[PDB]
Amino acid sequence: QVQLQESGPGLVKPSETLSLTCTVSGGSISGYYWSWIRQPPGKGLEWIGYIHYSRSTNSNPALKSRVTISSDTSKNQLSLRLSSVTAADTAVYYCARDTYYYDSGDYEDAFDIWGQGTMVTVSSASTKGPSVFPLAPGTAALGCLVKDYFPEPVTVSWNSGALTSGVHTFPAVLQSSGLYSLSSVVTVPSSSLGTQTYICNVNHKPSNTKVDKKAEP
């Protein structure tokens, strides 16, 4: 199955350059245009530009002076470089597979496969990794408090991913300090608070923080 996966740093200082990659698996990148798209938190989709390695590249006129898109057939990979970033560039960035151009000049317009999206925050505040604390007291709720990190996002799993039913990770709160905090909770049988061990696994990629916390009553 063709799949697209964006990656890049989640934090960029103002005026520096944002670099992203779109790695394609399950099929070749040859022949297609590949588009970059972004979405500021709570706003609409904005097309950034596209590339077809052996034909042409172009970008949104509002952004063209700062946009460089390229590809790497050896890695089956597209890239986006956005220079002199500003607060307006804080967004989730997506890649998508666009029009196919046949050798003859004919083409098939399409926009049918999207990547997962990668979140980029533009800020002068340094990265800060979370402190993680257990939350503990029919069913019972256990959880993990993920305190005082920057930038978004953090991911939380339970028992190394073996526990997914009844896991709810809440949206983060943004404090007056400029740091985020969130909580993740697993709902479990009351009887199982002795039949089972519950460990949250917290990942904050921008700070390279990975911590595991036992949550027990």
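The first residue of the shown sequence is 1; numbering continues from there.
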Problem set entry | Continuity check for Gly105 and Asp106, given as deposited residues lacking coordinates between them | none
Seminar exercise, completed: Quick note on 58-66 and 160-168: per-entry mean CA temperature factor is higher in 160-168
Seminar exercise, completed: The stretch carrying the higher mean Cα B factor in the deposited entry, 40-48 or 144-152, is 40-48
Exercise. Among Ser123, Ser74, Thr118, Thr99, where is the Cα temperature factor highest, going by the PDB entry?
Worked result: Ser74
For this session: Would you mind checking which of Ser35, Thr187, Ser183, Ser177 has the top Cα temperature factor in the PDB entry?
Result: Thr187
For this session: Sorting the chain's modelled residues by C-alpha B-factor, tell me whether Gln1 ends up in the lowest, middle or highest third.
Result: highest
Seminar exercise, completed: Here the Cα B-factor of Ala88, set against its chain, lands in the third termed highest
For this session: Place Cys22 in the lowest, middle or highest third of its chain's C-alpha B-factors, as listed in the PDB entry.
Result: lowest
Problem set entry | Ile199, C-alpha B-factor rank within chain (lowest, middle or highest third) | middle
